Amino acid sequence: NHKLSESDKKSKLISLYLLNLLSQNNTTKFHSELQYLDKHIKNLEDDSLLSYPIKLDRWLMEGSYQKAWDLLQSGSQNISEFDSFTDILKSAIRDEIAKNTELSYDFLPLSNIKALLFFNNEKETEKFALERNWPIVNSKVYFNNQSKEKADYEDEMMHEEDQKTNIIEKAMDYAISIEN
Amino acid sequence: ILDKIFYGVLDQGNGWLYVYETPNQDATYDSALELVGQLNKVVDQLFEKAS
Amino acid sequence: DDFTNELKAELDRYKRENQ
Amino acid sequence: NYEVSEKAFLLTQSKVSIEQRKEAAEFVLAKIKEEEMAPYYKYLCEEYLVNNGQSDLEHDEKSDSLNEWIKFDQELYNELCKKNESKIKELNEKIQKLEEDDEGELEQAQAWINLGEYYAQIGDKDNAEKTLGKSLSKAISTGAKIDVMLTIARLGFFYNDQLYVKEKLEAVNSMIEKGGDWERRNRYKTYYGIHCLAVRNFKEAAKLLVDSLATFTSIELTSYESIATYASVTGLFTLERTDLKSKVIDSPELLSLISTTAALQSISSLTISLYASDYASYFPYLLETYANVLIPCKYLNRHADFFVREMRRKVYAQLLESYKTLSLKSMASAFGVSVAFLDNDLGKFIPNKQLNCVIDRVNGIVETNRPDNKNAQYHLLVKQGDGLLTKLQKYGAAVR
Amino acid sequence: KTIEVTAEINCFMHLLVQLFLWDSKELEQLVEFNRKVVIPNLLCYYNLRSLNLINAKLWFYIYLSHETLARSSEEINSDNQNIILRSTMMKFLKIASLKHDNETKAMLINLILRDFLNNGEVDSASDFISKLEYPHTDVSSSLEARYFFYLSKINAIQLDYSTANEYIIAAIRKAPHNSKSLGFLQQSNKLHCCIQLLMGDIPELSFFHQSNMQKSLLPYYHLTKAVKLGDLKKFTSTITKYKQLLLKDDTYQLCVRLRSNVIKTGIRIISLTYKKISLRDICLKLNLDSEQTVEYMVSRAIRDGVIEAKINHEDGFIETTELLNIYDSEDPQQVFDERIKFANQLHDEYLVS
């Protein structure tokens, strides 16, 4: 049933799975585990430990990564158990911000990237730009990667190259055979 | 200009002028009027035959 | 409503006529 | 019957002058002596409450009013029986003798209609429609058809009911379609545009009102100045400036109508300022049109804010078509408004996709987005084209 | 023995009408008695004319009452009768030859999906979707709307409103029955509006005003003005007062997802049309909630597909775009293949007619 002594007893280990699941950038399985809990408004809503990933993901969906980053620092639960999933989830948050900084920032200097993503070193800031293929000039960082291509294999679908002229004529020949 | 006498539009910010050609439309959407009137009548007539 | 549009129109007239 | 409903409507809402309620009470006291207003006189406390609606000495006992003439007394109770005996008891005895003697055919039907009109003034609508239904079978030509339609037409103006009236007026008109002259057809045409104000049909109301004459006066059904405000306000909102120049602003009757009374303030103040594109004095005309026209009128008070809010959106469209760009400093200051007031009106209009415009913050330049050759084939052809295909799939996906 | 078993079931289905919402007998012995009258080879070998004679439509609303505050009353982990029911349910589909099975295949999945909606994990339900998809020709018009109702709800938890869009359209058009047009339709219309909550449109009340009672109109009207105007204070007070209605429909999750849409929808409501938007003008707009979140708020909304903008920290403004262009070469050709794809759904009418 639900009753042994303390029921779920430790609430921190249950929240470890919800915090570590977001490190893979999967938002579908995050809300699926919340439905698995028997009491949504009793154990999940009242206790701040089970409500920690909900309030953390709430700021992630609203778009604010600065308030979500403060929960992994000012919180006193990051000492022992949550220390393992702190830096791992923080690395996934910074990687998620990097996807936003491409489209939302046409040009940004080097000093701001350190402050926005909470970097402790300017040389380490440029190291992250090399793995993400970010062009670097004096006191500025541009993005030439806004254009996308490759993405596994695709043929005659999603903005083709040399078949554009044919597919337009092929779509006209498909309706003729349906009537015939 | 609003009376369809002179054709053009001005610029208040820079004090400039812009070019506006005389015809504003060809004949295209006039065929869509026959489509909207058909889908608002014949479609409603289909249920009268079924029911 | 009408109270919002009428109030902002009268308050601006007192300031505009004094300029 | 409309003279009382028009004056007593000012009793509902008066935000300025108290004398407006006492002046309108003089017309009510004069009409209740000649004809019994008891159905509407009792409807006064059943219409709008918490002003004069709590004062009655008979059914419900409370005293709160600015008008003490709407309460029953020993005089109106005796006059209610005197008007009930003469218009019903005395007349029905003479009609009963004509039924046994078999005098005429349409004369007995017309006598039942005139008798049926008296039940409407006594406050009994059961016998009013009962005597009217018996005379309906005797109606063939337009002689007895006008009187039958006249009784039902009173139900809309006198009782302020938009539901059971139009359904009966359409059935009588569609049974035998002749119309007589053009004025007898107005009873169906004028009430049509008036009913459109209850369900908010907007441009549908002015279809028959703009083509209607300005000299039409139905007296007990409607007044001269009342119908003048209906065609002027609704007709201006319907036809765009292209149709205003050849119809509204230049008309033989309309130019004669604006000079008759100053209570219009539509085809003069609003039309000239729109034609001359003067926005300095155009804004205070909307306040005078709202207070002195929309509020005192019956069916023009139902929309309220739906007039000024919609009319201000369309007047900007006339300015956007005459310029590619504009000046924010001139629109938010020189026209008589403020900066916060302009952002509040245009704040709700932009997300509704009601107009195409470019608003600037730092530069302060209001720019018009012009489709050029796009016109109606850009966003309308895809929305209306695929939107009707969704309605086509409704009955084809689920079959029956 | 097909006629002998069918003749006995004809008298059994008449009792099941009493067992459904009418006469519940006992809350203990009956659930054990209804199990022993089914298992012993009522479905047999699938000989001939076997369908609609099982429980099927009858037991949907039965077993849910015995599980809640009847046999269990939160005294155990799960009903042992339901544990055996899950064994018999999944055994019925395992022994199915996928030949004449149409309506009976989709009804049993409705239980395993509904269980995951209250207590359970919906992540494993995605694996059943690949098995659940079949061209069922025997499903009655009453169950065609329910079959499309669960498929649209699972995708809502999966954060996809595009796939669930096609299923919810055909759900409200079906089930003409009165009971399905009152309780089932009002619950389905709120889920149809829930798709608009994740999309960001939230249209006004026109057809839905007279189609349903005022019970569902009050929360949707308050959430319409809260998400459009971008006010989290009014949006928070709506969840508290209407919490009673949010829990029974499993819509309580809107405190996170829909709360994030309050900001995204308010972006298109306010006018960003001008290019360079100063940081102070953004802080003043959207009450004080937009003052704390400025650069991060716009950064995620651009990648999500709401708007397209550019942020400049040097002079402290944000360059925004309203997505307005003119058709020249590749612009009008984007919807060219889409309008052809829109007609592909209508190309199947040749085989239907």
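Residues numbered from 1 in each chain as written, not as in the entry; some residues may be left out. Chains lettered and ligands numbered in written order. Part of a larger assembly, values for the part shown. Heavy atoms only, no water.

(A) Inspection of the domain arrangement of chain D at higher detail. Residues and elements named next belong to chain D. Here chain D is partitioned into domain 1 (1-322) and domain 2 (323-369). Its C-alpha centre places domain 1 at a distance of 40 Å from the equivalent point of domain 2. Opposite the 11 residues of domain 1 that make contact, domain 2 presents 17 residues. For the pair domain 1 and domain 2, the summed buried surface comes to about 1300 Å²; carbon and sulfur atoms form 69% of the total. Taken as a group, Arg313, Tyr316 and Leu320 account for 46% of the area that domain 1 buries against domain 2, more than any other trio of residues on that side. At the junction of domain 1 and domain 2, the tally comes to 1 salt bridge. Ionic pairing is found between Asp345 and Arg312, a salt bridge with its closest N-O pair at 3.9 Å. At the surface where domain 1 touches domain 2, the tally comes to 2 residue pairs in polar contact. With 6 residues, helix 16 (residues 305-320) is the largest single contributor of residues to the side of domain 1 that touches domain 2. Classifying every residue of the side of domain 1 that touches domain 2 gives 6 nonpolar, 1 polar and 4 charged. (Domains from an automatic or database assignment. Contact = heavy atoms within 4.5 Å. Buried area = accessible area lost by both parts, 1.4 Å probe. Salt bridge = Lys/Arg side-chain N within 4 Å of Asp/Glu carboxyl O. Polar contact = N/O pair within 3.5 Å; in protein donor to acceptor, adjacent residues only side chain to side chain. Helix = DSSP H or I, 4+ residues; strand = E, 2+ residues; numbered from the N terminus. Nonpolar A, V, L, I, M, F, W, Y, C, P; charged D, E, K, R; others polar.)

(B) Looking closely at the interface of chain B and chain D. Contacts between chain B and chain D engage 21 residues on the former and 21 residues on the latter. Summing both partners gives a buried area of about 2200 Å² for chain B against chain D, and 62% of it is carried by carbon and sulfur. In this assembly, chain B and chain D are joined by 1 salt bridge. Close ionic contact of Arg241(D) with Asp3(B) constitutes a salt bridge, the shortest N to O distance being 2.4 Å. At the junction of chain B with chain D, the criterion picks out 7 residue pairs in polar contact.

(C) Inspection of the environment of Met172(A) at higher detail. Assignment of secondary structure puts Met172(A) in helix 9 (residues 164-179). With 76 residues separating them along the chain, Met172(A) and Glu96(A) place their C-alpha atoms 42 Å apart.

(D) Expanded view of the pairing of strand 2 (residues 308-312) of chain E. Bridging between strand 2 of chain E and strand 3 (residues 317-321) of chain E involves 5 bridges; their strand directions are antiparallel. Following the sheet pairing, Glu308(E) is matched in strand 3 of chain E by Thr321(E). (Pairing = 2+ DSSP bridges.)

(E) How the structure looks around the interface of chain E and chain A. Facing the 48 residues of chain E at the interface are 49 residues of chain A. Interface of chain E and chain A: buried area, both sides summed, is about 4300 Å²; carbon and sulfur atoms make up 55% of it. Joining chain E to chain A, the criterion identifies 6 salt bridges. The partner of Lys310(E) in a salt bridge is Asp106(A), with the nearest N and O atoms 3.9 Å apart. Inspection of the region where chain E meets chain A yields 20 residue pairs in polar contact.

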